[PDB]
């Protein structure tokens, strides 16, 4: 039917020729690139647009990060896989572009995919081949199958495509049929990817295999209960120990179509997870509500992987709202920092930065305890191009209705605010004073216990064109693009309508990761 016994290889172009063309476009963009907002310590392409993180792994002693790539423009376009690698997750290297469309089943795009280490210790790539249903533009809908590829060498500089391993029963689905993940449980290998059902319902399908090559359809692992959610992009599924040492399973997905409600689901599409249980042979049983991975303005398509001990997740900082000013600068988009997924006593995932991220610190500047005994502001540094701020707010002895940092504070009065908000009991990333971009604000919830702790920890990363705000050791995270203006970029401590007691504020200048 739609599960061939051997990979289906249909070569239509010369892959080395198609890769050469892609290297040209990216380099032509990198030569004219404007670095006003280009990240110092985030992964972006040297030229052109990127989105979903792909093929994440730790393999043969190196960290690997692939990503959806359009080598020929700063908007979304003919999809490729870019590639960067590192030995310590601090100093990164540029690699050859990994994938360009060269097979029939992928002629219109090499879509997102994953990497997993098989039983022989050798890596395998699983990715989606994209065709237009009416081979011209989006108007006809998508036509997507699942593909297999194997690396030519331990360094992952190139891979050999083996072809389609899972076809698409087009009459039984609503076009969308993409983004695989493969893993082993017990004696069986499994694959899931996102499907729009014939009734336009977002689903995660489940396949099984004995040999990772020939697959057999099992069932629908999960269907989103919201009829507005028509598709589940970049699905995730992994086991994790709760604080009792009992195994739970986390399901994650990038949901398309949910309507906003209050503070929730405000981005065009929203990524998140639920925690629950799974016994192979049954569906996933959720035990929590849907919770966002990241509460900020620009986060989507997260992919996680396992390094043997830790589950690590990257997100794409997705710009879904016009205007997108960085698209005038020869590039578009970067990833988050990698985050370690943990589950402890509060029943929820934390996603603090991986321990390796401390290697980004060039120095440490201790500003000590700061008190603002009256409403006002205090400048911490006159110019901060790429810094990390660790600060601890005394909630119990502060009266300020809103208190935190203003970063990217330029001489035109523009800034991004990162503050606790007592009228809503949340941490807020507010871009209303941004001189460019779509502005707005995003919020991260705080539990009743967190609000009653009398103390709030913020770990704020400031890069040239974005911010990442870790709340209470990663219990919540907000990542948003911050389009700073020209001139010095101050950072200020700001207390609004009351007092602010900061127990500790410490600054680290960030090293370059070597990709700019």
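Positions refer to the first chain, counted from 1.
Mean CA temperature factor is higher for 428-436 when stretches 302-310 and 428-436 are set side by side in the entry. Taking only CA atoms, the mean B-factor in the PDB entry is higher for 143-151 than for the other of 143-151 and 440-448. Out of 291, 259, 184, 200, it is 200 whose C-alpha atom has the highest B-factor in the PDB entry. The maximum CA B-factor among the listed residues 321, 352, 389, 168, taken from the PDB record, is found at 168. When the modelled residues of the chain are ordered by their C-alpha B factor, residue 39 lands in the lowest third. Residue 175 sits in the highest third of its chain by CA B factor, as recorded in the PDB entry. Among the modelled residues of its chain, residue 457 has a C-alpha B-factor that falls in the middle third, as given in the PDB entry. Among the modelled residues of its chain, residue 216 has a C-alpha B-factor that falls in the highest third according to the deposited record. Remark: residue 420 belongs to the lowest third of its chain, ranked by C-alpha B-factor as recorded.
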